[PDB]
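Student: Below is the file data.txt, with compact mmCIF, C-alpha atoms and all ligand atoms.
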```txt
# COMPACT_ATOMS: atom_id res chain seq x y z
CA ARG A 5 58.26 -123.41 94.06
CA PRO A 6 61.56 -124.63 92.46
CA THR A 7 65.13 -123.50 93.14
CA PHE A 8 66.30 -120.58 91.04
CA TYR A 9 69.81 -119.46 90.08
CA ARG A 10 71.22 -116.27 88.59
CA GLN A 11 73.50 -115.54 85.70
CA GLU A 12 74.43 -112.39 83.82
CA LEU A 13 74.08 -112.51 80.00
CA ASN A 14 74.60 -109.31 77.92
CA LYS A 15 74.16 -107.12 81.03
CA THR A 16 70.71 -108.69 81.46
CA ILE A 17 70.54 -110.60 84.76
CA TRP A 18 68.53 -113.85 84.55
CA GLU A 19 66.93 -115.63 87.48
CA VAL A 20 65.53 -118.98 86.40
CA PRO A 21 64.36 -122.32 87.79
CA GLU A 22 67.09 -124.95 87.36
CA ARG A 23 65.03 -127.21 85.15
CA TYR A 24 66.19 -124.78 82.49
CA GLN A 25 69.89 -125.32 81.81
CA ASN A 26 72.46 -124.12 79.21
CA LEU A 27 71.03 -120.64 78.77
CA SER A 28 72.31 -119.20 75.47
CA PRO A 29 71.34 -115.71 74.21
CA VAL A 30 69.41 -115.57 70.91
CA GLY A 31 68.43 -111.90 70.72
CA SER A 32 66.20 -109.02 71.75
CA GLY A 33 63.24 -106.89 70.79
CA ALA A 34 61.86 -103.65 72.22
CA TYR A 35 59.87 -105.40 75.00
CA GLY A 36 62.32 -108.07 76.24
CA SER A 37 65.15 -110.40 75.35
CA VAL A 38 65.28 -114.13 74.46
CA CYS A 39 67.50 -117.09 75.46
CA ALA A 40 67.73 -120.69 74.20
CA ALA A 41 67.80 -123.23 77.02
CA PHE A 42 67.54 -126.92 77.80
CA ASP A 43 64.43 -127.95 79.70
CA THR A 44 65.63 -130.91 81.71
CA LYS A 45 62.14 -131.68 82.91
CA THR A 46 60.67 -132.13 79.39
CA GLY A 47 63.80 -132.92 77.38
CA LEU A 48 62.86 -130.16 74.90
CA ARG A 49 64.89 -127.20 73.67
CA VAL A 50 63.09 -124.01 74.81
CA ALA A 51 62.96 -120.28 74.27
CA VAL A 52 62.74 -118.20 77.42
CA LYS A 53 61.81 -114.49 77.10
CA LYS A 54 62.62 -112.18 79.95
CA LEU A 55 60.23 -109.25 79.72
CA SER A 56 62.07 -105.94 79.98
CA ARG A 57 60.83 -103.51 82.61
CA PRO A 58 57.28 -105.01 82.59
CA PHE A 59 55.91 -102.33 84.91
CA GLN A 60 57.77 -99.11 83.95
CA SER A 61 54.50 -97.31 83.24
CA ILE A 62 50.82 -97.84 82.54
CA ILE A 63 51.73 -98.66 78.87
CA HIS A 64 54.23 -101.33 79.83
CA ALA A 65 52.06 -102.69 82.67
CA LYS A 66 49.09 -103.12 80.34
CA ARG A 67 51.33 -104.61 77.63
CA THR A 68 52.76 -107.25 80.01
CA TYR A 69 49.24 -108.26 81.12
CA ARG A 70 48.13 -108.33 77.47
CA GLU A 71 51.02 -110.61 76.50
CA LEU A 72 50.47 -112.97 79.41
CA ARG A 73 46.76 -113.08 78.82
CA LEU A 74 47.35 -113.58 75.06
CA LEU A 75 49.90 -116.35 75.11
CA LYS A 76 47.94 -118.20 77.81
CA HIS A 77 45.08 -118.50 75.41
CA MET A 78 46.83 -119.70 72.29
CA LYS A 79 46.81 -123.50 71.92
CA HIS A 80 47.40 -124.20 68.20
CA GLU A 81 50.43 -125.60 66.46
CA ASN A 82 50.84 -122.57 64.17
CA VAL A 83 50.58 -120.12 66.98
CA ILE A 84 53.23 -119.63 69.61
CA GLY A 85 52.13 -120.72 73.05
CA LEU A 86 53.15 -121.23 76.64
CA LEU A 87 55.07 -124.13 78.15
CA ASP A 88 55.74 -122.16 81.33
CA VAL A 89 55.58 -118.76 82.96
CA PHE A 90 57.52 -117.89 86.07
CA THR A 91 58.70 -115.16 88.43
CA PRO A 92 61.57 -115.29 90.88
CA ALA A 93 59.50 -113.13 93.27
CA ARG A 94 57.67 -114.72 96.29
CA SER A 95 54.85 -112.25 96.85
CA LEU A 96 52.95 -109.56 94.88
CA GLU A 97 54.80 -106.97 96.93
CA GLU A 98 58.15 -107.98 95.41
CA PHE A 99 56.84 -108.99 91.99
CA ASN A 100 58.90 -107.41 89.22
CA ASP A 101 59.92 -109.88 86.62
CA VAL A 102 58.09 -112.06 84.13
CA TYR A 103 59.67 -114.91 82.16
CA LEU A 104 57.80 -116.72 79.41
CA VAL A 105 58.83 -120.15 78.00
CA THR A 106 58.05 -121.72 74.64
CA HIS A 107 59.39 -124.36 72.22
CA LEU A 108 62.75 -123.40 70.74
CA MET A 109 62.21 -123.01 67.01
CA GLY A 110 65.62 -121.73 66.01
CA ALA A 111 64.96 -119.22 63.18
CA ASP A 112 62.53 -116.75 61.72
CA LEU A 113 61.23 -116.50 58.12
CA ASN A 114 63.31 -113.34 57.80
CA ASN A 115 66.28 -115.72 58.40
CA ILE A 116 65.41 -118.52 56.00
CA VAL A 117 65.55 -116.63 52.74
CA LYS A 118 69.17 -115.42 52.61
CA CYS A 119 67.60 -112.90 50.05
CA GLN A 120 66.60 -116.03 48.00
CA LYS A 121 63.80 -118.01 46.22
CA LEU A 122 62.24 -121.09 47.88
CA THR A 123 60.53 -123.79 45.80
CA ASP A 124 56.79 -123.73 45.17
CA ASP A 125 56.21 -126.55 47.70
CA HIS A 126 57.76 -124.77 50.65
CA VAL A 127 55.83 -121.59 49.84
CA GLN A 128 52.62 -123.67 49.81
CA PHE A 129 53.39 -125.32 53.11
CA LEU A 130 54.57 -122.00 54.69
CA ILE A 131 51.70 -119.76 53.61
CA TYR A 132 49.44 -122.67 54.57
CA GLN A 133 50.76 -122.79 58.08
CA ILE A 134 50.41 -119.01 58.40
CA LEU A 135 46.80 -119.06 57.22
CA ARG A 136 45.99 -122.02 59.44
CA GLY A 137 47.17 -120.10 62.61
CA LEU A 138 45.51 -117.00 61.24
CA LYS A 139 42.15 -118.75 60.94
CA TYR A 140 42.59 -119.68 64.57
CA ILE A 141 43.74 -116.22 65.85
CA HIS A 142 40.90 -114.41 64.00
CA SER A 143 38.30 -116.86 65.24
CA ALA A 144 39.19 -115.44 68.70
CA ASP A 145 38.51 -111.95 67.39
CA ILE A 146 42.21 -111.00 67.60
CA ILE A 147 43.93 -109.18 64.74
CA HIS A 148 47.66 -109.51 64.62
CA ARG A 149 48.29 -106.16 62.91
CA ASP A 150 52.04 -106.62 62.38
CA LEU A 151 52.55 -109.84 60.48
CA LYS A 152 56.01 -109.72 58.97
CA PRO A 153 58.85 -112.25 58.25
CA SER A 154 60.58 -111.68 61.61
CA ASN A 155 57.23 -112.32 63.26
CA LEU A 156 57.20 -115.84 61.93
CA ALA A 157 59.18 -118.55 63.67
CA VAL A 158 60.31 -121.61 61.63
CA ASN A 159 62.27 -124.77 62.54
CA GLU A 160 64.34 -127.37 60.68
CA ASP A 161 61.08 -129.20 59.67
CA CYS A 162 59.81 -126.04 57.90
CA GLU A 163 57.19 -125.96 60.70
CA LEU A 164 55.98 -122.44 61.34
CA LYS A 165 54.59 -120.47 64.27
CA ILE A 166 53.16 -116.95 64.47
CA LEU A 167 55.05 -114.89 67.02
CA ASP A 168 53.50 -112.03 69.02
CA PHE A 169 56.76 -110.06 68.72
CA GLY A 170 59.90 -111.18 66.88
CA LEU A 171 63.46 -109.99 67.31
CA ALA A 172 64.78 -106.59 66.29
CA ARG A 173 68.36 -107.59 67.32
CA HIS A 174 69.96 -111.07 66.75
CA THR A 175 73.02 -112.16 68.83
CA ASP A 176 74.47 -114.17 65.82
CA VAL A 183 62.93 -105.51 57.81
CA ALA A 184 60.49 -102.52 58.08
CA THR A 185 56.94 -102.94 59.40
CA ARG A 186 55.37 -100.63 56.72
CA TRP A 187 56.29 -102.85 53.77
CA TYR A 188 53.71 -105.39 55.01
CA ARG A 189 50.95 -103.11 56.35
CA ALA A 190 47.51 -103.07 54.73
CA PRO A 191 46.87 -99.71 53.07
CA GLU A 192 43.85 -99.04 55.28
CA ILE A 193 46.21 -98.99 58.28
CA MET A 194 48.57 -96.57 56.59
CA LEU A 195 45.74 -94.04 56.19
CA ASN A 196 45.04 -94.31 59.90
CA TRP A 197 41.57 -95.78 59.46
CA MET A 198 40.10 -95.81 63.01
CA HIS A 199 38.52 -99.13 62.07
CA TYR A 200 39.66 -102.28 60.38
CA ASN A 201 38.77 -105.92 59.89
CA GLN A 202 40.86 -109.03 60.19
CA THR A 203 41.88 -109.19 56.49
CA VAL A 204 44.32 -106.50 57.43
CA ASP A 205 46.51 -109.59 58.25
CA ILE A 206 45.66 -111.09 54.86
CA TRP A 207 47.30 -108.23 53.02
CA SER A 208 50.37 -108.99 55.08
CA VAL A 209 50.29 -112.67 54.14
CA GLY A 210 50.06 -111.52 50.52
CA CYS A 211 53.19 -109.44 50.90
CA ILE A 212 55.08 -112.27 52.55
CA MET A 213 53.90 -114.83 49.95
CA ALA A 214 54.96 -112.52 47.13
CA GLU A 215 58.39 -112.14 48.68
CA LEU A 216 58.83 -115.94 48.93
CA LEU A 217 57.94 -116.72 45.32
CA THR A 218 60.05 -113.83 43.91
CA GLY A 219 62.92 -113.36 46.41
CA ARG A 220 62.28 -109.67 46.70
CA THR A 221 60.10 -107.45 48.77
CA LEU A 222 56.76 -106.67 47.15
CA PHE A 223 56.60 -103.08 48.47
CA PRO A 224 59.94 -101.60 49.67
CA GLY A 225 58.60 -98.07 50.48
CA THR A 226 61.12 -95.49 51.73
CA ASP A 227 58.32 -93.89 53.88
CA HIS A 228 54.52 -94.14 54.31
CA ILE A 229 53.78 -92.03 51.16
CA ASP A 230 56.24 -93.90 48.96
CA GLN A 231 54.59 -97.09 50.31
CA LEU A 232 51.18 -96.12 48.96
CA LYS A 233 52.68 -95.04 45.65
CA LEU A 234 54.22 -98.51 45.31
CA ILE A 235 50.97 -100.24 46.24
CA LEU A 236 48.87 -98.21 43.81
CA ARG A 237 51.34 -99.03 41.02
CA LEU A 238 50.61 -102.73 41.25
CA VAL A 239 46.96 -102.89 42.20
CA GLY A 240 45.98 -99.73 40.35
CA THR A 241 44.48 -96.46 41.61
CA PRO A 242 41.12 -96.99 43.34
CA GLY A 243 37.86 -96.43 41.49
CA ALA A 244 34.89 -94.35 42.66
CA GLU A 245 33.18 -97.03 44.86
CA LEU A 246 36.34 -97.13 46.93
CA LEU A 247 36.93 -93.41 46.84
CA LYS A 248 33.47 -92.81 48.35
CA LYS A 249 34.75 -94.54 51.47
CA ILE A 250 37.70 -92.33 52.60
CA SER A 251 36.47 -89.64 54.97
CA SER A 252 39.62 -87.59 54.98
CA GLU A 253 39.98 -84.89 52.31
CA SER A 254 43.84 -84.84 52.59
CA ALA A 255 44.23 -88.58 51.79
CA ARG A 256 41.48 -88.57 49.14
CA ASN A 257 43.04 -85.45 47.63
CA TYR A 258 46.41 -87.14 47.70
CA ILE A 259 45.27 -90.37 46.03
CA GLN A 260 43.18 -88.45 43.53
CA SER A 261 46.09 -86.09 42.80
CA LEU A 262 48.08 -89.14 41.69
CA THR A 263 48.67 -90.10 38.09
CA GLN A 264 45.79 -92.61 37.97
CA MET A 265 47.27 -96.06 37.36
CA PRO A 266 45.73 -99.23 35.89
CA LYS A 267 45.80 -102.59 37.64
CA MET A 268 48.73 -104.75 36.45
CA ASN A 269 48.42 -108.35 35.22
CA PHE A 270 49.59 -110.24 38.27
CA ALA A 271 50.32 -112.92 35.67
CA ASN A 272 52.94 -110.56 34.11
CA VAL A 273 54.45 -109.53 37.48
CA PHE A 274 54.71 -112.97 39.02
CA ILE A 275 55.99 -114.58 35.78
CA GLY A 276 57.20 -118.08 36.53
CA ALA A 277 54.98 -118.72 39.54
CA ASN A 278 52.39 -121.43 39.94
CA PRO A 279 49.36 -119.80 38.30
CA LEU A 280 47.52 -121.01 41.40
CA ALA A 281 49.92 -119.09 43.56
CA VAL A 282 49.30 -116.03 41.32
CA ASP A 283 45.57 -116.49 41.64
CA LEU A 284 45.68 -116.49 45.46
CA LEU A 285 47.76 -113.26 45.37
CA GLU A 286 45.09 -111.44 43.28
CA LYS A 287 42.66 -112.43 46.04
CA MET A 288 44.74 -111.30 48.96
CA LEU A 289 46.14 -108.11 47.54
CA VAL A 290 42.88 -106.26 46.86
CA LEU A 291 42.77 -102.62 48.09
CA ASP A 292 39.14 -102.91 49.25
CA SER A 293 39.21 -104.76 52.58
CA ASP A 294 35.66 -105.88 51.91
CA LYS A 295 36.77 -108.13 49.07
CA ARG A 296 40.01 -109.66 50.36
CA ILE A 297 39.69 -113.40 50.85
CA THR A 298 39.69 -114.42 54.55
CA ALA A 299 42.05 -116.78 56.27
CA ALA A 300 39.31 -119.54 56.37
CA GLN A 301 38.44 -119.05 52.70
CA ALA A 302 42.09 -119.11 51.52
CA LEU A 303 42.59 -122.49 53.17
CA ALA A 304 40.00 -123.83 50.68
CA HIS A 305 41.79 -122.30 47.71
CA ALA A 306 43.07 -124.99 45.30
CA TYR A 307 46.66 -123.84 45.91
CA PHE A 308 46.56 -125.65 49.29
CA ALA A 309 44.83 -128.77 48.01
CA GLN A 310 47.61 -131.12 49.09
CA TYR A 311 47.33 -129.67 52.66
CA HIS A 312 43.75 -128.39 53.16
CA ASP A 313 41.64 -130.32 55.69
CA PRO A 314 38.59 -128.60 57.23
CA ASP A 315 38.42 -131.29 59.90
CA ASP A 316 41.92 -130.28 61.05
CA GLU A 317 41.69 -126.49 60.90
CA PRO A 318 40.48 -125.64 64.43
CA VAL A 319 38.98 -122.43 65.75
CA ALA A 320 39.81 -120.79 69.09
CA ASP A 321 37.95 -120.49 72.34
CA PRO A 322 36.38 -117.03 72.61
CA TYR A 323 38.81 -114.50 74.03
CA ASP A 324 37.96 -111.81 76.58
CA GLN A 325 39.30 -108.54 75.28
CA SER A 326 37.25 -106.35 77.63
CA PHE A 327 40.39 -105.27 79.56
CA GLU A 328 41.66 -103.65 76.38
CA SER A 329 39.32 -100.74 77.07
CA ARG A 330 40.22 -100.13 80.76
CA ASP A 331 42.37 -97.31 82.22
CA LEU A 332 43.85 -98.89 85.30
CA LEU A 333 46.80 -98.09 87.57
CA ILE A 334 50.24 -99.77 87.24
CA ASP A 335 49.50 -101.53 90.50
CA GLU A 336 46.23 -103.00 89.39
CA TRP A 337 47.62 -104.07 86.01
CA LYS A 338 50.49 -105.50 88.03
CA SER A 339 48.30 -107.54 90.37
CA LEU A 340 46.24 -108.94 87.47
CA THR A 341 49.42 -110.15 85.72
CA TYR A 342 50.52 -111.69 88.98
CA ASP A 343 47.23 -113.67 89.25
CA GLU A 344 47.98 -114.96 85.82
CA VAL A 345 51.50 -116.14 86.68
CA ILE A 346 50.12 -117.88 89.78
CA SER A 347 47.17 -119.54 88.07
CA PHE A 348 49.22 -120.99 85.24
CA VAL A 349 48.44 -124.60 84.30
CA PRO A 350 51.21 -126.15 82.07
CA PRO A 351 50.20 -128.38 79.19
CA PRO A 352 50.74 -132.19 79.44
CA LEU A 353 53.82 -133.65 77.77
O1 LIG B 1 62.53 -119.92 68.38
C1 LIG B 1 62.70 -118.71 68.26
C2 LIG B 1 61.90 -117.70 69.08
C3 LIG B 1 61.20 -118.26 70.14
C4 LIG B 1 60.46 -117.44 70.97
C5 LIG B 1 60.44 -116.07 70.78
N1 LIG B 1 59.73 -115.27 71.60
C6 LIG B 1 59.04 -115.82 72.60
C7 LIG B 1 57.67 -115.64 72.59
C8 LIG B 1 56.87 -116.19 73.61
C9 LIG B 1 57.47 -116.93 74.62
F1 LIG B 1 56.74 -117.50 75.61
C10 LIG B 1 58.85 -117.11 74.63
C11 LIG B 1 59.64 -116.56 73.63
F2 LIG B 1 60.98 -116.81 73.71
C12 LIG B 1 61.14 -115.52 69.72
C13 LIG B 1 61.88 -116.32 68.86
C14 LIG B 1 62.55 -115.48 67.76
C15 LIG B 1 62.74 -116.16 66.41
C16 LIG B 1 63.92 -117.06 66.66
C17 LIG B 1 65.09 -116.65 66.01
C18 LIG B 1 66.25 -117.41 66.21
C19 LIG B 1 66.22 -118.53 67.05
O2 LIG B 1 67.31 -119.32 67.29
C20 LIG B 1 68.67 -118.83 67.10
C21 LIG B 1 69.65 -119.89 67.69
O3 LIG B 1 70.98 -119.57 67.26
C22 LIG B 1 69.35 -121.35 67.29
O4 LIG B 1 69.75 -121.57 65.93
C23 LIG B 1 65.05 -118.90 67.68
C24 LIG B 1 63.90 -118.17 67.48
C1 LIG B 2 50.45 -114.70 69.56
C2 LIG B 2 49.44 -114.46 68.45
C3 LIG B 2 48.65 -113.20 68.76
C4 LIG B 2 49.28 -112.02 68.02
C5 LIG B 2 48.85 -110.66 68.56
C6 LIG B 2 49.99 -109.63 68.48
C7 LIG B 2 49.94 -108.63 69.64
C8 LIG B 2 50.83 -107.42 69.37
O1 LIG B 2 50.13 -106.15 69.30
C9 LIG B 2 51.01 -105.17 68.65
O2 LIG B 2 51.26 -103.91 69.42
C10 LIG B 2 51.94 -102.82 68.61
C11 LIG B 2 52.49 -101.57 69.44
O3 LIG B 2 51.71 -100.36 69.26
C12 LIG B 2 50.99 -102.56 67.40
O4 LIG B 2 51.35 -101.39 66.61
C13 LIG B 2 50.99 -103.78 66.50
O5 LIG B 2 50.19 -103.44 65.36
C14 LIG B 2 50.42 -105.00 67.24
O6 LIG B 2 50.72 -106.19 66.50
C1 LIG B 3 46.36 -97.20 48.85
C2 LIG B 3 45.27 -96.15 49.10
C3 LIG B 3 43.92 -96.82 48.91
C4 LIG B 3 43.18 -96.89 50.22
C5 LIG B 3 42.10 -97.96 50.09
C6 LIG B 3 42.13 -98.94 51.26
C7 LIG B 3 40.80 -99.64 51.23
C8 LIG B 3 40.37 -99.94 52.64
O1 LIG B 3 39.19 -100.75 52.47
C9 LIG B 3 38.14 -100.32 53.36
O2 LIG B 3 38.22 -100.86 54.67
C10 LIG B 3 37.21 -100.23 55.53
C11 LIG B 3 37.55 -100.56 56.98
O3 LIG B 3 38.98 -100.48 57.14
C12 LIG B 3 35.82 -100.67 55.09
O4 LIG B 3 34.87 -99.95 55.87
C13 LIG B 3 35.69 -100.37 53.58
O5 LIG B 3 34.53 -100.96 53.01
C14 LIG B 3 36.87 -100.92 52.82
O6 LIG B 3 36.77 -100.54 51.47
```
Take the structure in the file and give it back as structure tokens.

Tutor:
Amino acid sequence: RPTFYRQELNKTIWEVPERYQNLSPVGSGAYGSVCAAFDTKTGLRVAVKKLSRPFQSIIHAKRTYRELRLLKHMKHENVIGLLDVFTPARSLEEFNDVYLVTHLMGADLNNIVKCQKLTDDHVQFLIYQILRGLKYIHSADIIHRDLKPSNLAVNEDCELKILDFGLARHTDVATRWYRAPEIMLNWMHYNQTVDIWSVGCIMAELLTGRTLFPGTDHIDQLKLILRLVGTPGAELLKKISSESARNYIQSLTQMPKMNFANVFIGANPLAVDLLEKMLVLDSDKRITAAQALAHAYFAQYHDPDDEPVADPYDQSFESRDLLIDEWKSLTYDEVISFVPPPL
């Protein structure tokens, strides 16, 4: 147990072990806020996230445990991971606060457009890194569900890491634009290629410099999607159980599929080809993360000997209805049992 010190930053109070110096606010999300700091022990620049009100309620309590159990498991260079987790508290009885530490990264993909086009070779490297971490996350049976630009952390080296949650507020971007259609129609079931649609939307935005589907609401969103990929045929229509949605889609001016080739004019025809394969309405035919790595577009990066899969991940807790106290005590066990990686 190290020596802690306190500081106030933006009316958040921070209590941290002194190894972390020069705390500097970077921003906040719904579930906590994030500081940049210097880790004197390791010599690295780090991001420390103070969870906000971890244990306000069964929802929060279970979310905190989820996050701690999630980030403890991720060990892959395209997936954010844990350098440290700590609590200022000395017993379970006084346990209230969770801090999580990771590599400082310095920006998010939202922040490294400036509304602008990147060259074909950054796109390749970027979408590559995303898919590479995606292969890994999916191999653990996890589905991200909310892959968007702000959920992607990138450094000066154009090295990229998938965040669990990115920042809504920066000290110094709508979900729906990137959501697979099956999720917008509240399908009670999906597969992992839900994230692939998202990668498609991101990719598209990088090559063109503009959002693929800037829907003003969830209905507008679908209208936009259908315009590009065309209204669904019968074999897809047979699969929607809900009359209201079916009736809506069928009540639409039926639209043909566009020539992606005419819409992504200018782009590496290989790029274009990958898009076709990611942005298919029917989740059964979208290319997977592991398949897309083998798509020619990534030839200068692909290496199946260096595209690792994850240890299997116990998600049984996801189905349990426990008390705040139990959820709390589980999280605590996880703070306590934390093994840091080697430097
Ligand atoms: O690196 C970044 C990062 C890192 C982590 C994290 N959440 C998180 C997740 C898990 C964990 F354990 C600890 C955590 F902090 C969220 C982000 C947000 C994207 C971002 C945006 C801007 C940045 O720098 C602005 C400065 O001004 C320097 O230029 C840095 C980062
Ligand atoms: C760190 C790599 C693992 C990524 C897993 C992301 C875990 C976040 O789970 C999130 O909870 C939200 C709140 O209801 C959901 O709506 C989002 O779809 C989901 O991404
Ligand atoms: C934009 C409106 C079109 C809606 C079509 C979305 C197609 C969703 O795709 C469906 O995913 C299901 C699981 O989620 C699978 O059981 C189906 O086979 C698959 O077609």

Student: Choose the residue, out of A:235, A:204, A:17, A:167, that has the smallest atom-to-atom separation from ligand LIG 1 (chain B); count only C-alpha atoms and all ligand atoms.

Tutor: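 Comparing A:235, A:204, A:17, A:167 against ligand LIG 1 (chain B), the winner is A:167.
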
Student: Between A:212, A:96, A:244, A:51, which is the closest to ligand LIG 1 (chain B) once you count only C-alpha atoms and all ligand atoms?

Tutor: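 The shortest atom-to-atom distance to ligand LIG 1 (chain B) comes from A:51.
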
Student: For chain A against ligand LIG 3 (chain B), with a cut-off of 8 Å and counting all atoms listed in the file, what is the closest atom pair and its distance in Å to one decimal for every residue that makes the cut, ordered by chain and number, as JSON lines?

Tutor:
```
{"residue": "A:190", "atom": "CA", "partner": "B:LIG3", "partner_atom": "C6", "distance": 7.6}
{"residue": "A:191", "atom": "CA", "partner": "B:LIG3", "partner_atom": "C1", "distance": 4.9}
{"residue": "A:192", "atom": "CA", "partner": "B:LIG3", "partner_atom": "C6", "distance": 4.4}
{"residue": "A:193", "atom": "CA", "partner": "B:LIG3", "partner_atom": "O3", "distance": 7.5}
{"residue": "A:195", "atom": "CA", "partner": "B:LIG3", "partner_atom": "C4", "distance": 7.1}
{"residue": "A:197", "atom": "CA", "partner": "B:LIG3", "partner_atom": "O3", "distance": 5.8}
{"residue": "A:198", "atom": "CA", "partner": "B:LIG3", "partner_atom": "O3", "distance": 7.6}
{"residue": "A:199", "atom": "CA", "partner": "B:LIG3", "partner_atom": "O3", "distance": 5.1}
{"residue": "A:200", "atom": "CA", "partner": "B:LIG3", "partner_atom": "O3", "distance": 3.8}
{"residue": "A:201", "atom": "CA", "partner": "B:LIG3", "partner_atom": "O3", "distance": 6.1}
{"residue": "A:232", "atom": "CA", "partner": "B:LIG3", "partner_atom": "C1", "distance": 4.9}
{"residue": "A:233", "atom": "CA", "partner": "B:LIG3", "partner_atom": "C1", "distance": 7.4}
{"residue": "A:235", "atom": "CA", "partner": "B:LIG3", "partner_atom": "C1", "distance": 6.1}
{"residue": "A:236", "atom": "CA", "partner": "B:LIG3", "partner_atom": "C1", "distance": 5.7}
{"residue": "A:241", "atom": "CA", "partner": "B:LIG3", "partner_atom": "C3", "distance": 7.3}
{"residue": "A:242", "atom": "CA", "partner": "B:LIG3", "partner_atom": "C3", "distance": 6.2}
{"residue": "A:246", "atom": "CA", "partner": "B:LIG3", "partner_atom": "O6", "distance": 5.7}
{"residue": "A:247", "atom": "CA", "partner": "B:LIG3", "partner_atom": "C5", "distance": 7.6}
{"residue": "A:249", "atom": "CA", "partner": "B:LIG3", "partner_atom": "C13", "distance": 6.3}
{"residue": "A:250", "atom": "CA", "partner": "B:LIG3", "partner_atom": "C4", "distance": 7.5}
{"residue": "A:259", "atom": "CA", "partner": "B:LIG3", "partner_atom": "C2", "distance": 6.5}
{"residue": "A:291", "atom": "CA", "partner": "B:LIG3", "partner_atom": "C7", "distance": 4.8}
{"residue": "A:292", "atom": "CA", "partner": "B:LIG3", "partner_atom": "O1", "distance": 3.9}
{"residue": "A:293", "atom": "CA", "partner": "B:LIG3", "partner_atom": "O1", "distance": 4.0}
{"residue": "A:294", "atom": "CA", "partner": "B:LIG3", "partner_atom": "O5", "distance": 5.2}
{"residue": "A:295", "atom": "CA", "partner": "B:LIG3", "partner_atom": "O6", "distance": 8.0}
```

Student: Could you give me the residues within 7 Å of ligand LIG 1 (chain B), counting only C-alpha atoms and all ligand atoms, as a ChimeraX atom specification?

Tutor: /A:30,38-40,51-53,75,84-86,104-112,154,157,167-171,176

Student: Tell me which protein, DNA and RNA residues are within 12 Å of residue A:307, counting all atoms listed in the file, leaving out same-chain ones fewer than 4 positions away, and put them as a CSV table (one decimal) with C-alpha atoms, keeping the file's coordinate frame.

Tutor:
```csv
chain,number,residue,atom,x,y,z
A,124,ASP,CA,56.8,-123.7,45.2
A,125,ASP,CA,56.2,-126.6,47.7
A,127,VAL,CA,55.8,-121.6,49.8
A,128,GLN,CA,52.6,-123.7,49.8
A,129,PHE,CA,53.4,-125.3,53.1
A,130,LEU,CA,54.6,-122.0,54.7
A,131,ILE,CA,51.7,-119.8,53.6
A,132,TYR,CA,49.4,-122.7,54.6
A,277,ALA,CA,55.0,-118.7,39.5
A,278,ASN,CA,52.4,-121.4,39.9
A,279,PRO,CA,49.4,-119.8,38.3
A,280,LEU,CA,47.5,-121.0,41.4
A,281,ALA,CA,49.9,-119.1,43.6
A,282,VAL,CA,49.3,-116.0,41.3
A,283,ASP,CA,45.6,-116.5,41.6
A,284,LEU,CA,45.7,-116.5,45.5
A,285,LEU,CA,47.8,-113.3,45.4
A,301,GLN,CA,38.4,-119.0,52.7
A,302,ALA,CA,42.1,-119.1,51.5
A,303,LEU,CA,42.6,-122.5,53.2
A,311,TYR,CA,47.3,-129.7,52.7
A,312,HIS,CA,43.8,-128.4,53.2
```

Student: Select, counting only C-alpha atoms, all protein, DNA and RNA residues no farther than 10 Å from (61.4, -105.6, 71.9) in file coordinates, and express the selection as an NGL selection string.

Tutor: :A and (31-38 or 55-56 or 169-173)

Student: Which is closer to ligand LIG 2 (chain B) than all the others in A:300, A:138, A:213, A:334, using all atoms listed in the file?

Tutor: A:138

Student: Which is closest to ligand LIG 2 (chain B) among A:263, A:115, A:325, A:341, if we use all atoms listed in the file?

Tutor: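 Closest candidate: A:325.
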
Student: Tell me, as an MDAnalysis selection string, which residues lie within 9 Å of residue A:119, counting all atoms listed in the file; anything in the same chain fewer than 3 positions away does not count.

Tutor: chainID A and resid 114:116 219:220

Student: Please produce a file of those selected residues containing C-alpha atoms, as a PDB file, keeping the file's coordinate frame.

Tutor:
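The result, written out as selection-v1.pdb:
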```
ATOM      1  CA  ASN A 114      63.310-113.340  57.800  1.00  0.00           C
ATOM      2  CA  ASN A 115      66.280-115.720  58.400  1.00  0.00           C
ATOM      3  CA  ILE A 116      65.410-118.520  56.000  1.00  0.00           C
ATOM      4  CA  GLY A 219      62.920-113.360  46.410  1.00  0.00           C
ATOM      5  CA  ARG A 220      62.280-109.670  46.700  1.00  0.00           C
TER       6      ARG A 220
END
```

Student: Could you work out an axis-aligned box for ligand LIG 2 (chain B), taking every atom the file lists and adding 5 Å on each side, and report centre and edge lengths in Å to one decimal, as JSON?

Tutor:
```
{"center_x": 50.6, "center_y": -107.5, "center_z": 67.5, "size_x": 13.8, "size_y": 24.3, "size_z": 14.3}
```

Student: Of the residues A:74, A:332, A:87, A:353, which is the one nearest to ligand LIG 2 (chain B), using only C-alpha atoms and all ligand atoms?

Tutor: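 Closest to ligand LIG 2 (chain B), using only C-alpha atoms and all ligand atoms: A:74.
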